[PDB]
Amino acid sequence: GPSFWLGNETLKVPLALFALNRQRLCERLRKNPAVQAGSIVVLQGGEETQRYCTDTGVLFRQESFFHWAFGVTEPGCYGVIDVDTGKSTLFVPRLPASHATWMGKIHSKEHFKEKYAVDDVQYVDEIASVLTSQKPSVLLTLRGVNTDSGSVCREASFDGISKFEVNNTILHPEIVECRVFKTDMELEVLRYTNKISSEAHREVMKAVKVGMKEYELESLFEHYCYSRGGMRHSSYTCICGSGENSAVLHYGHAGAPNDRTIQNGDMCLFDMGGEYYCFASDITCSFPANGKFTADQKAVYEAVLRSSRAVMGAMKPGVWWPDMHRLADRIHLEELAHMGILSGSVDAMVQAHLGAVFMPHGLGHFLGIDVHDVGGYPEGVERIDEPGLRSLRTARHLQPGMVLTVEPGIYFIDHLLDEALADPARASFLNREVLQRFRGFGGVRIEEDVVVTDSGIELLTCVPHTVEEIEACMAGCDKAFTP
């Protein structure tokens, strides 16, 4: 069957991937005792947008649930799936004749049927008549809360939908659960997004020079991903933090726009990931700007490497993800004590939540069509109300097919360090005579993407993440070179 492909060395993605997702969704809904016979899933695709009131078009990127079910890149579509039969119908806009002058060929409905391997294609303005003819019992629309944004997924609507019975509660938890477990075809795409992003990270590490602006490397990363990977989008705005900016977890946004000059002795923390056909990647490489770790930089880096490796070695089905976060905390505290930054009982440090001073974010998150992917907190899975752990994007137990980031880090964040020094329950663990030397260090994060298997994990990422590999990469060594 047909495939999405951007030529050259880019990945061919079979449209069968989306047919399987639809099949899996129907199979799950058929098992759901509350789903009525004759139900139809109704999804509304994204629409094209402009900047504010101007006619400046914004490049259209499909809504993620609609993409997951259909793989459709055109704006203005709807899509329906008959639960009982699995039959799929794509609704496409009826375009004006002038479209052929300004925007491109006005493809036939049959063109879209063959392109997307759906069972039927109709025009959007006929949706009410088409659905009436199918005599559905209930329309299942999409409404629910994203647990990272807090936003409500807005459900499909069309003129005449009020004449149908509409249920907007069943579908969201079910399609979310389908998205949590990646198919073999989806894993091929996530292997590819990690491959290209890993290559781009290596090119960035080879290119960094003292005196460059952070955004020069953002630009290079995105250029590699697009020109060599066909990744028109990134999965999120590139985080290119040098020096003290490496302690700012989502640095690089419009208010702090990757505009610092890289200086000798700085650590760089580059958290970047290209997106291919709406599939994410998320990789973080930390490294010295000048290509040579100092003793202090090596020690911090090695501490995060130890926690990364311990978590990856422990991950398997049945493991509770908060336990991995606590494991990383304990290891960071142990290693910071071995460095002389902390002293005393690590057991007592953990009770005082001292780990969250150095790692205020979650250990890692589901990844998929969204970089912070859906399904981390389904009903009954509670957020843990403690420093650090409350920022975890899931508190689930690991199961085969989940895709997670593993991204421990250690940072030197002045307001968190000063809070600890003002708190009698935490202050005594800090050795200011050594800590002072790490003020303004920034931080280190080591992030890889992994798949939970039947017995452990598969590593998707291939970047230089040991001290020796990093120094070798920055010295221009071939990838195949093993220091």
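From 1 onward, residues are counted along the sequence shown.
Annotation for 158 to 166 versus 177 to 185: the higher mean temperature factor (C-alpha) is found in 158 to 166. Taking the mean C-alpha B-factor of each stretch as recorded, 51 to 59 and 435 to 443 are not equal, and the higher mean is that of 435 to 443. Out of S246, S133, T89, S197, it is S133 whose C-alpha atom has the highest B-factor in the PDB entry.
Reading the B-factor column for the CA atoms of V452, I40, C26, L416 in the entry, the top value corresponds to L416. Per the PDB record, residue ranking by Cα B-factor puts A420 in the highest third of the chain.
Remark: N21 belongs to the lowest third of its chain, ranked by C-alpha B-factor as recorded. When the modelled residues of the chain are ordered by their C-alpha B factor, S235 lands in the lowest third. When all modelled residues of the chain are sorted by CA temperature factor, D271 is found within the lowest third. Among the modelled residues of the chain, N146 sits in the middle third by CA temperature factor in this PDB entry.
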